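K.L.:
Quick one: this structure, given as structure tokens, is what I'll be asking you about.
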Amino acid sequence: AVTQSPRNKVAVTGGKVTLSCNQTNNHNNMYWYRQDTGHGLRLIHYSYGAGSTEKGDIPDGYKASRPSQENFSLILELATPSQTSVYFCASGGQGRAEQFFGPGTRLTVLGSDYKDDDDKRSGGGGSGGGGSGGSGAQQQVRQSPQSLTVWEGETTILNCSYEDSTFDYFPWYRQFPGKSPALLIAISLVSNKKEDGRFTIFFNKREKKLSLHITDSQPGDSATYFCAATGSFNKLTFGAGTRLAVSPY
């Protein structure tokens, strides 16, 4: 079924990344994402009808192959101190299903951030450093940046935006614990107000954005929710949702 390299190991500057995922859980489409802040979800590989696994967002420095629609495998041989992350082999069906995330892998290439309090955040000594391709890739999903933590698991409000002209709905979901993403629900922006569980959504026309309310929350960094769209087929556009957190006191 949807699985990933059960092994666990780390790599160094251009070390190596061994990953192995399988597909056979009744899913007609297998998506591949990676936990990467800045934008949150990081699409890199795409496999749904076999012979397909290289059309995420900015695939580069990785090798993947899909000889069989059920068997898959990919690795890397040149990672940088800011590209590694946790590989998650997600696989769901079409229409409205939860991404059956399996035991993904987690490895980092070079890096530590243990005592970086009295040093500049720019190692000007090789290892890339800007270069060509400074900006690019447009953006549609715009979730209120600047995360925030509320006292205890109180309620909170979220905001999302979009610049597409053919979106159908936005499967509100991402991951609550830290290494186990999951689907929650899906809006549609057609009734101006909806409710699925204990939170409702609103349609802001004056600002063209989606705002919902979530009450009754629990500690543990609260949870991270993303707002992506999928009006098209095999194409989810996310814009780094928000990461709700709970205060220590």
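K.L.:
Report yes if residue 223 is of a type in the set (A, V, I, L, M), in contact with a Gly (Cβ under 9 Å, 6 or more places away or on another chain), within 19 Å of residue 145 (Cα to Cα) and crowded, with 17+ Cβ neighbours inside 10 Å, otherwise no.
P.N.:
no
K.L.:
Only one residue in 121, 142, 106, 96 is out of contact with any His (no Cβ under 8 Å at 6 or more places or on another chain), on the phi < 0 side of the Ramachandran plot and assigned to a strand (DSSP E or B). Which one?
P.N.:
Unique residue meeting the criteria: 106.
K.L.:
Answer yes or no: is there a residue in segment 66-86 that is among the small types (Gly, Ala, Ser), part of a strand (DSSP E or B) and crowded, with 22+ Cβ neighbours inside 10 Å.
P.N.:
No, there is no match, as no residue in segment 66-86 is among the small types (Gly, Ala, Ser), part of a strand (DSSP E or B) and crowded, with 22+ Cβ neighbours inside 10 Å.
K.L.:
Consider residue 84 against the criteria (1) assigned by CATH to the domain that holds residue 11; (2) among the β-branched types (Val, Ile, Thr); (3) more than 19 Å from the chain's Cα centre (by Cα): it satisfies all of them except one. Which criterion is unmet?
P.N.:
Unmet condition: (3).
K.L.:
Which condition number does residue 152 fail, the rest of (1) surrounded by 14 or more Cβ atoms within 10 Å (Cβ to Cβ); (2) more than 12 Å from residue 241 (Cβ to Cβ); (3) touching a strand residue (DSSP E or B) at 6+ places or on another chain (Cβ under 8 Å) being met?
P.N.:
Unmet condition: (1).
K.L.:
Just to be sure, is residue 187 assigned to a strand (DSSP E or B) and either surrounded by fewer than 20 Cβ atoms within 10 Å (Cβ to Cβ) or in the same structural domain as residue 140 (by CATH) (or both)?
P.N.:
In short, no.
K.L.:
Does segment 236-249 hold any residues that are assigned to a loop (DSSP other than H, G, I, E, B) and either in contact with a helix residue (DSSP H, G or I) (Cβ under 9 Å, 6 or more places away or on another chain) or within 26 Å of residue 33 (Cα to Cα) (or both), and which are they?
P.N.:
Hits for segment 236-249 are 236, 238, 239, 240, 241.
Each row is one residue, and each column tells you yes or no for (1) among the aromatic types (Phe, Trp, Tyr); (2) over 20 Å from the mean Cα position of the chain (by Cα); (3) assigned to a strand (DSSP E or B).
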{"position": "20", "(1), (2), (3)": "no, no, yes"}
{"position": "26", "(1), (2), (3)": "no, yes, no"}
{"position": "34", "(1), (2), (3)": "no, no, yes"}
{"position": "38", "(1), (2), (3)": "no, no, no"}
{"position": "51", "(1), (2), (3)": "no, yes, no"}
{"position": "55", "(1), (2), (3)": "no, no, no"}
{"position": "59", "(1), (2), (3)": "no, no, no"}
{"position": "64", "(1), (2), (3)": "no, no, yes"}
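K.L.:
While we're here: Looking at segment 148-156, can you tell me whether even one residue there is more than 23 Å from residue 6 (Cα to Cα), among the hydrophobic types (A, V, I, L, M, F, W, C) and not in a loop (DSSP other than H, G, I, E, B)?
P.N.:
Within segment 148-156, one or more residues are more than 23 Å from residue 6 (Cα to Cα), among the hydrophobic types (A, V, I, L, M, F, W, C) and not in a loop (DSSP other than H, G, I, E, B).
K.L.:
For residue 171, indicate whether it is in a loop (DSSP other than H, G, I, E, B), crowded, with 17+ Cβ neighbours inside 10 Å and not assigned by CATH to the domain that holds residue 2.
P.N.:
Here the answer is yes, as residue 171 does meet what is asked.
K.L.:
Yes or no: segment 164-185 includes at least one residue that is over 28 Å from residue 245 (Cα atoms), in contact (Cβ under 8 Å) with a residue 60 or more places away in the chain and of a type in the set (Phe, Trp, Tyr).
P.N.:
There is at least one residue in segment 164-185 that is over 28 Å from residue 245 (Cα atoms), in contact (Cβ under 8 Å) with a residue 60 or more places away in the chain and of a type in the set (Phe, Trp, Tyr).
All of this is worked out from the model, or read from it or from the source named; nothing here is a laboratory result. Because the Cβ atoms are built from the backbone with ideal geometry, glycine has one as well, and the counts that use them run over all protein chains shown.
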